[PDB]
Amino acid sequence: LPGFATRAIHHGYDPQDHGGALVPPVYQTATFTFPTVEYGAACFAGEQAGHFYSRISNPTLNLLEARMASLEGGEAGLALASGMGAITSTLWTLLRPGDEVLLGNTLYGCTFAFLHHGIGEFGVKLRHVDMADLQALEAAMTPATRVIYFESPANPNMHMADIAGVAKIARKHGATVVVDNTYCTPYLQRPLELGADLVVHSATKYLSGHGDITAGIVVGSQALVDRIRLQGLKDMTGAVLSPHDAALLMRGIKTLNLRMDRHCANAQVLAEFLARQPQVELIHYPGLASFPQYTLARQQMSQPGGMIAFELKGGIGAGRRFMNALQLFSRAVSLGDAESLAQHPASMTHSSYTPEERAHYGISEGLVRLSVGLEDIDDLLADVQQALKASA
């Protein structure tokens, strides 16, 4: 079995099948012709090799799909036009009125919005459980419960989940486990190998790695992905990934190992630096020993990742002055780009909110999330240095 980086470069593709082309050609085409109508009948019945329309399937998307399937260790992959594309396509096919979905305690803003203000308003019951608390989960299981969905680590506290523990419970009750594995990437965490059924990504983040596409991946069993493709994607979202973006995504995946190694190495130093500072109150970085859930994080994630969350003494005001002081970090939402991004949900994403509304959710007054990039660490240190001095 060839290694991770080998597979990220080579898996699913022989140059000799495409006129010797070293980089696979991009199938920037909407439709594919048939030799016969009989051949074309068989492609809608779904019982052959080949193609018909790019919304369903496309060779450039198929290579990306298979290759991602290999990295995560799953049977099938599906490519979609965004992370939300992946999540919504997946959830729209597995859930019908009167089914229940168990969710992690904290979710990504638009995943939360989709669940509560979207599918949740179509008669699907919602319920939030601590996915580190196996006791609380096992209680909350009912026969109506069809899907268990969560992020590990979770946005933005880095709250972990006992994936193996959750999956053993779900296996007994018949529930399908779906993990948003965006923050880690298969390089760092493979939830399918810990019993999960499906993993979804925002490929927009670390997989692409260069902040120039919006994209989504689903990986899991052949049976589950076939359904999500032929219902969620085909009928219910239309979240079709451009072959051009699919090709750029594959370009990024070829440096995933190298990019994450450095993300994690830079993140480590900045976390350890931030720990030893009078301005900081607490830090949520999985590779600091003071991290609440250090043990579980290391059983699942091979490295601590590139994301640091931390709160400041001075709260809302200390954040604004810190964020505005940054001359190298960019004030922006998103993560996993080569460029180092900072965001402060208190006065950016959730700014029209007041302090009285924020505490409802698991989202602090002083909380500033970093996505540590690939820049020279000494420059990143110096930028954070002056930004903390400016936040007094």
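A residue's number is simply how far along the shown sequence it sits, counting from 1.
- Message: Please compare 376-384 with 7-15 and name the stretch with the higher mean C-alpha B-factor in the deposited structure.
- Response: Higher mean C-alpha B-factor in the PDB entry: 376-384.
- Message: Going by the mean C-alpha B-factor recorded in the entry, which is higher: 354-362 or 58-66?
- Response: Looking at the record's C-alpha B-factors, the answer is 354-362.
- Between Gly314, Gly195, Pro97, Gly211, where does the Cα B-factor run highest in the record? In the PDB entry, the greatest C-alpha B-factor among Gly314, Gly195, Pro97, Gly211 is found at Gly314.
- Item | From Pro243, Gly306, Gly73, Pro156, residue of greatest CA B-factor | If I rank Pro243, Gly306, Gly73, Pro156 by C-alpha B-factor, first place goes to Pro156.
- Task: Pull the Cα B-factor of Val368 out of the PDB entry and bin it into the chain's lowest, middle or highest third.
- Result: Ranked within chain, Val368 CA B lands in the highest tercile.
- Message: Going by the CA temperature factor in the PDB record, which third of the chain does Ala45 belong to: lowest, middle or highest?
- Response: Answer is highest: the recorded C-alpha B-factor places it there.
- Message: Taking only the Cα B-factors deposited for this chain, tell me whether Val124 sits in the lowest, middle or highest third.
- Response: Its C-alpha B-factor, which the entry lists for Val124, ranks in the middle third among residues of this chain.
- Please rank the C-alpha B-factors of the chain's modelled residues and tell me whether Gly104 sits in the lowest, middle or highest third. For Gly104, whose C-alpha B-factor we compare with every modelled residue in the chain, the answer is the middle third.
- Task: Quick one: classify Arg229 as lowest, middle or highest third of the chain based on its Cα B-factor.
- Result: Lowest third of the chain for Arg229's C-alpha B-factor.
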